[PDB]
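Cβ: placed from backbone, ideal geometry, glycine included. Neighbour counts: every protein chain shown. Coordinate-derived values only; no laboratory data.
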Amino acid sequence: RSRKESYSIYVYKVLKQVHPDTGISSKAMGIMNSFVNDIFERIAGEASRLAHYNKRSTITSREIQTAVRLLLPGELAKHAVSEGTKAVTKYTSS
Amino acid sequence: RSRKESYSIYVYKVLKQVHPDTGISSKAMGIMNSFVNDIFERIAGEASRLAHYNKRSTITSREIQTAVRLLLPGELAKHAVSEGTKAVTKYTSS
Amino acid sequence: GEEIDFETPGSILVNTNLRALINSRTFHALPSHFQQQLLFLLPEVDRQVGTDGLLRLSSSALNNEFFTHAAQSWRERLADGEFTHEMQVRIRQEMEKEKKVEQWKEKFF
Amino acid sequence: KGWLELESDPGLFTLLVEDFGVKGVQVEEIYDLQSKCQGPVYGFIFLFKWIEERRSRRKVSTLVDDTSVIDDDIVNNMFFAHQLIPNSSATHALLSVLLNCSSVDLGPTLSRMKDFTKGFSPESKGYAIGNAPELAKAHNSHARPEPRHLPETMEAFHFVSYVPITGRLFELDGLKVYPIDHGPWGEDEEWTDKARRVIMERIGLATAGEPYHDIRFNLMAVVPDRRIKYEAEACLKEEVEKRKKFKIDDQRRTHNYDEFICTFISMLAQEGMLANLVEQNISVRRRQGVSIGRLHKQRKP
Amino acid sequence: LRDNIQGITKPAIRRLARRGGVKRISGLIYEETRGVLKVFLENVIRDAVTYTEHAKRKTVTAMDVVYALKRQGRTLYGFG
Amino acid sequence: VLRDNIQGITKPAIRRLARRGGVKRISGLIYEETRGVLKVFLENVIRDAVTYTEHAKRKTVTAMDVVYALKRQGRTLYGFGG
Amino acid sequence: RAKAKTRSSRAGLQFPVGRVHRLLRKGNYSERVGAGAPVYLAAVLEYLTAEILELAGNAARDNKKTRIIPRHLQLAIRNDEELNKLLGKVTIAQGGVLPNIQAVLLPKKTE
Amino acid sequence: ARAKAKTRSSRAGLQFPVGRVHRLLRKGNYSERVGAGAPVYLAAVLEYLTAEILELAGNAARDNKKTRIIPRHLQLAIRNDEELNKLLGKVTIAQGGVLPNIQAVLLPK
Amino acid sequence: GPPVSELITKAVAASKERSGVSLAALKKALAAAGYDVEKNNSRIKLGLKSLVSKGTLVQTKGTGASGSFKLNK
Amino acid sequence: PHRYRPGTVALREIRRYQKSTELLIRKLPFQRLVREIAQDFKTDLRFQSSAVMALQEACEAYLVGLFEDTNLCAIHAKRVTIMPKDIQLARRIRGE
Amino acid sequence: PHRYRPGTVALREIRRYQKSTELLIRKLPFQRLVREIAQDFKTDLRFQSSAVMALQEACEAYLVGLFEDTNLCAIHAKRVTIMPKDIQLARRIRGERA
Amino acid sequence: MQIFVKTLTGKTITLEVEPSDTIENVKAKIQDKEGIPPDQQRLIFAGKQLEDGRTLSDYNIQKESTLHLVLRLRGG
DNA sequence: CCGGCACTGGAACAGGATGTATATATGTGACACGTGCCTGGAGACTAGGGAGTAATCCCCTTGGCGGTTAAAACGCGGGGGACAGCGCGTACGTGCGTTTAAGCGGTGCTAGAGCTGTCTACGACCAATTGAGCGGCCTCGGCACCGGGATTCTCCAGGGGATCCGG
DNA sequence: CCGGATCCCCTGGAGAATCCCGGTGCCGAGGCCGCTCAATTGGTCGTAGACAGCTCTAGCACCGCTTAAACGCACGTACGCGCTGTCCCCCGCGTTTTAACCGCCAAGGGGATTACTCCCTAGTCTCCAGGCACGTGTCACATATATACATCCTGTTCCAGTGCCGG
């Protein structure tokens, strides 16, 4: 048929990285995929709104940073911003 | 100096065509413009979501009608759908 | 208490079904003189004369749909609290004020 | 100008037209719109729910419609009146039916009113119709007394009259400025089938669906009185019993029961046993967030 | 199918109340809660069927219900 | 530098706001809780507006930024933009 | 070349179809925008604006004023049942809230 | 001639895909253009959130003596954390249930 | 120690007013006098049951323990 | 015999149901309700099993939160039993 | 000499504020409070007059809605005076508190 | 044991009425299902106006038969 | 057995005080209409891909039937909580004098909002291609369910313990 | 003065609920293999905006004057909070019933897939007039003042209770 796009293997790899001896069920995997899709859609929509407000036709790292700060609360947002900045710096270096 | 787009002239013309003896001060006129912009944004976003969900790359009159039906409650949606259908029919005929 | 509460909506008359409260058997379970006095406050159609010639009520004279509708409207007005004296006085004043202005249009109609 | 609200009942209208002085006419409540009635000589009165929401959302309506009357001669000849009185819709429809038909023994007041208003303009004609003491008294006699105490948005309902004035079905409305001509009949039917079809299409455009959508309509047919037809006797017995029961209903409807109920409750309370039965016959369930009490108390410190 | 709102039985309402942390339950509320459900579904299914009416489909999928729930702010996880 | 001006939302102001809300009797402890709730709401809205302004390389909070911040929380305001 | 007229007047509509189409193109809601979609959206917007303005004018006539103030718009939006649900999460500056009155019930039947 | 086609996720050192996120952003009709670092940052944020949620779910499962994560564990992990509860206070989790919340007044004296 | 009857009788007599003495007034008088009321208030109610039938103290308008009590004439 | 006082069994049911995530509403009666409600919107309409399960789960979550709000309203009014008045207040505050 | 009993002037003020749409919160202290709050996020921040007016309007509307909810809760609790308990209840029901 | 009631517009409604029941309960069920007040409608059997205060067995209404609902309301 | 004279409380009413809506008069700032223009909308035409349509496969949805209980419904005793009544005292509404600072008006500075020109790097687009990710299969361990004890929580019964009554 | 018998708090035992251990089975979770498709890499090219420079504007700071409003205190009063009582209505439990569910089978409906084509809108070009910024006249109204009417509150008045005593 047609291939289905999902984050099952990525979520499983993250879980193994954080909890090597803890598994996951099919329903839990589907819930995690739905959560990831919903968060991705909300952040992308917020970034698109931010770009449209400033008459910007492109989405850069600043838009995603602002979307994360607006959406995620407090220390969770701060840690997410730190992780994203570290990932961007590592990508730029390599 | 740059020009700012607004619906002031069209809303005033509609007011004249419904209430010839009634006017609007430019303090609630901005409220009407904000309402029009908000409704336009909500309907456009709903139509975009409808197109994305059905793998549609275009926004046709059917998407707008479906967005109007979803958003507007009660007989307001039915009247808006009837008015939009009549306007589309008149535009296509001429 | 001493007086029966008719003014405030707090009385259970609004929540009490007058259809069940008042019936033919309930009316027939009352003193004869009280029934005779009360019958004078009823229309002429529902009152007739029997063999003895005394006033009598028909079978549907009290358990018809119109009496139930009137009782329901009375309960609704109790809920609105229009029977209170504090508002009955202003109702009387509003009714009386109409005749003051009607004296100019009386001669034309 | 009181003109209290009038109830739409067949016996009420029969007694009202009897009070008008006309002897050979009455109204009947048809039940099946797919059936056929015998001798529906006069017009039909249709009660429909009148809401201004559609007109507000369709404000471009003052233009002359296709079915609207163009000339003024026929309107001048026929009886059409506007809505200049707040609650004369029932009287407007009744007089539209009565004054737009022949072979009727109209009452002397109605006869002289028709003679005076023959060949007139609908606005001032309706204004003169409203300024009639006998008409107002007749309307108020059968009017319900309870609504007059209410003012001490709203679901409004209106009458429309269907009449074959010149062999064509014409519709008369109190609020509509111009009557609409939409009767093409005159081939084989007795004007009944076309009226039934137009009622069917009106109902179809009203709801057009399975949900109720506030289904409130009532169609009545104006018919010559059946008493003389039966005279010229089970039919006579049923006619006279219906007339008597309707007259009783009309007499009972116009009487307010506030004083009677108050006296009955006061007598029961002073007798002593009231607090028994009122304790047993309770509609709303107890202990449900409702403050039920204060029956025999003062609550005045 | 008619009068199936009674399919939500009284113990079913009791189980929901116990899940929500309710010790004592009134009587008339049993008729109230179903009515609330009778509104909620009408506020959701009407949306979902609308999606069903937009995709040229004659059946209601899980993703359409998820979208209808997300429109009202009650996002659902586990079905897409 | 200014600190602790939450008293600027005075007791009569809270009383009048509750009067607009249909409240006829107000206890003495209502004012402090109302001030706290207003402070929390202001903190949230101002944080969103500051984030919006910083995203735009600006240090002046415009009315449109405030409208966007209110709309992001479901409390969109009409009369100060679109 | 024939006479140039706006597409809004082609459909007998007051709101600009061209402006709506331009905003849809610039809003980037989708890759493509249909021809009839801007007409439908402009018609819906015009109908909603007409309804709101008519209700506001009715409120102003009840207030005996010939201008629409934010108070009139707030009263018109809150009093209407379908508009209140549509705008249940919006704020109107200088609009206020509905007072506690019972004068709305008026079964007026006149020309 | 041609260098090894290493994934951008490996280059940036994050588990979540970068190409998939970039393709979804470009095909999502969010903006005309998408920057190079935006998908990387978004994938990093998604990976951080997923890692936090999975760690809390694993802690809940260990508290429940369970090796396999179930929707109940995810619901407990999301609701127990204040920040996650604020993030997902308007969401429904299938087969998740609710936290045990019994007030003091409910308990007998 | 001493019976509650005579002390509550003295408390209700010390009012020197036409209006009766309520249960709250009795409780506060006993608390001021230095008697255990919080752990035996129900017992105080039983004390009423030992005198209401006696006729030395009559309820004014209240029923049972709740209400006001006055000395019989 | 041995009968628990009114309230103990209710607390036990609260503890048991809050510790489990089964389906409180029977699937088949709820499915018929969904089918009959959708009949007014579009006749001859089919429903997927996954869609019915998702809708039932969403209704379960919505009703549990409504009952929690109702219980909090009852507690605020110095009351334990939930009442229709509490549900009406909770729905009016939430804007429903 | 002459004075009104409690419950009358309050109702008159309620009607007055229902029929009027002025700013109940004084503009200058509210603006100063906004300036103080906007210091923990970014220092040396400027606010437009329209921005602070919009903030004041939104805060007044939110407080009016909260007060209406608290009044509804108090009427539900068979009480006239409002307490912080109904404020907390309304915040929880609206989802703001939890 | 079921019964059918028509409307002047042709709409069909299904009710459950016991043979020994009374028309007041029928009106109550109608009010419950559609919402109009019971006093605003009257039942008709074969063109005969139903009289309040009488049971169904009085006029011999058969099972699964048809009745009519005529809505007598206020107006003008 | 019972009623004129000496005490009260309680429903009803009148008058002063207060607030508000109504009838004119002001002058005013904001709203409505005319004008220049310029830029965004409109008319033509093309092309290339997204969409409409026909045919087809089969996944899944609907319909039906046989048992089996798990669960809903009905009936009754009753415990305890919902509701009512009463009392209190303290916390809040109302009012007034006072102090505060909010609001209005004019002045001044300037840091930053907004617009413009360059030119550059960053992102869209297309080919080659290749490795990662999706689909299908398999197996073996984690969990649901089973049952048996053992522990824990509930509630009623027996009894130490404080208390008013009577010769 | 000191034997009766009533009601209050502690423990113990019967009884139901649930944890805790261990066995069994089963089914799906994760690993593996084959494929395929879209993410990488390389290169080109077009343009979005980064940045520097200029303009101007409105936001901040400060001063003064006026008076609207907040503050604090006083005083009364009425409303929320115990405290008690009642009584009736859901809770809990027992018995009946009833249909939900699991399992199976079958039919077919349309959801998804592939191919074909066709036509519709993005893109480009050119023209032109619609609406926007600006300017200006005028009137709707915010304001002010005076007056009459609707409420509110309190003080005063007329009608219904007890308490006394010898034909």
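At a glance:
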item: Wholly within the stretch G:1-73, helices (runs of 4 or more DSSP H) carrying at least 2 residues that are closer than 20 Å to B:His52 by Cβ and at the interface with another protein chain (Cβ under 7 Å from one of its Cβ atoms); result: G:17-27, G:36-62
item: The stretch I:1-59, residues that are among the hydroxyl-bearing types (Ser, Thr, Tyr), part of a helix (DSSP H, G or I) and more than 7 Å from DNA strand M (Cβ to nearest atom); result: I:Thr9, I:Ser42
item: Candidate set: the stretch H:65-90, residues that are in contact with a strand residue (DSSP E or B) (Cβ under 7 Å, 6 or more places away or on another chain) and surrounded by fewer than 21 Cβ atoms within 10 Å (Cβ to Cβ); chosen: the one farthest from J:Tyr62 (Cα to Cα); result: H:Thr67
item: Residues located in the stretch J:1-53, provided they are of a type in the set (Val, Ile, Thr) and near DNA strand N (Cβ under 10 Å from one of its atoms); result: J:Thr8, J:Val9, J:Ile14, J:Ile25
item: Any hit, the stretch H:51-59, residues being within 14 Å of DNA strand N (Cβ to nearest atom), under 30 Å from B:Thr58 (Cα atoms) and crowded, with 19+ Cβ neighbours inside 10 Å; result: no
item: Any hit, the stretch D:251-261, residues being hydroxyl-bearing (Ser, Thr, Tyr) and more than 16 Å from DNA strand M (Cβ to nearest atom); result: yes
item: Test set (1) buried (at least 20 other Cβ atoms within 10 Å of the Cβ); (2) more than 12 Å from DNA strand N (Cβ to nearest atom); (3) under 13 Å from the mean Cα position of the chain (by Cα) - B:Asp38 fails condition number; result: (1)
item: Counted residues, the stretch D:266-301 - those being hydrophobic (A, V, I, L, M, F, W, C), away from DNA strand M (no atom under 15 Å from the Cβ) and at the interface with another protein chain (Cβ under 7 Å from one of its Cβ atoms); result: 3
item: Index of the failed condition, K:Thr43 passing every other in (1) more than 30 Å from F:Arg58 (Cβ to Cβ); (2) exposed (fewer than 13 other Cβ atoms within 10 Å of the Cβ); result: (1)
item: Within the stretch K:1-48, considering residues that are over 23 Å from K:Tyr62 (Cα atoms) and of a type in the set (A, V, I, L, M), the one nearest to the other protein chains (Cβ to nearest Cβ); result: K:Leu45
item: Within the stretch C:68-90, considering residues that are in contact with a helix residue (DSSP H, G or I) (Cβ under 8 Å, 6 or more places away or on another chain) and not small (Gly, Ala, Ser), the one farthest from DNA strand M (Cβ to nearest atom); result: C:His69
item: Complete set of residues in the stretch F:1-29 that are surrounded by fewer than 21 Cβ atoms within 10 Å (Cβ to Cβ), hydrophobic (A, V, I, L, M, F, W, C) and more than 9 Å from DNA strand M (Cβ to nearest atom); result: F:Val1, F:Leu2, F:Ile6
item: Which listed residue, of C:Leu78, C:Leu62, is part of a helix (DSSP H, G or I) and either hydrophobic (A, V, I, L, M, F, W, C) or within 13 Å of chain L (Cβ to nearest Cβ) (or both); result: C:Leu78
item: Filter pass, J:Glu60 being out of contact with any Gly (no Cβ under 9 Å at 6 or more places or on another chain), away from DNA strand N (no atom under 12 Å from the Cβ) and more than 27 Å from K:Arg91 (Cβ to Cβ); result: no
item: Residue in the stretch L:12-21 that is within 13 Å of chain D (Cβ to nearest Cβ) and under 30 Å from D:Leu94 (Cβ atoms) present; result: no
item: Answer from D:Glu233, D:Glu279, D:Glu238 - the residue that is of a type in the set (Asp, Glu), closer than 30 Å to K:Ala77 by Cβ and out of contact with any strand residue (DSSP E or B) (no Cβ under 6 Å at 6 or more places or on another chain); result: D:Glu279
item: Segments classed as strands (runs of 3 or more DSSP E), wholly inside chain L, with at least 2 members that are more than 26 Å from E:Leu1 (Cα to Cα) and small (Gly, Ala, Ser); result: none
item: Residues of the stretch G:1-15 satisfying the condition of being within 10 Å of DNA strand N (Cβ to nearest atom), within 16 Å of B:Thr92 (Cα to Cα) and under 17 Å from the mean Cα position of the chain (by Cα); result: G:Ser8
item: Yes/no for F:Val45 being near DNA strand M (Cβ under 10 Å from one of its atoms), crowded, with 22+ Cβ neighbours inside 10 Å and on the phi < 0 side of the Ramachandran plot; result: no
item: Helices (runs of 4 or more DSSP H) wholly inside chain F containing at least 2 residues that are at the interface with another protein chain (Cβ under 7 Å from one of its Cβ atoms) and farther than 28 Å from G:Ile69 by Cα; result: F:30-55
item: Some residue of the stretch G:85-103 being more than 13 Å from DNA strand N (Cβ to nearest atom) and assigned to a helix (DSSP H, G or I); result: yes
item: Condition met for K:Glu96 (surrounded by fewer than 21 Cβ atoms within 10 Å (Cβ to Cβ) and under 29 Å from J:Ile93 (Cα atoms)); result: yes
item: Residue in the stretch C:24-37 that is among the small types (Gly, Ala, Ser) and in a loop (DSSP other than H, G, I, E, B) present; result: yes
item: Of all residues making up the stretch C:1-21, the number that are within 7 Å of another protein chain (Cβ to nearest Cβ) and in a helix (DSSP H, G or I); result: 3
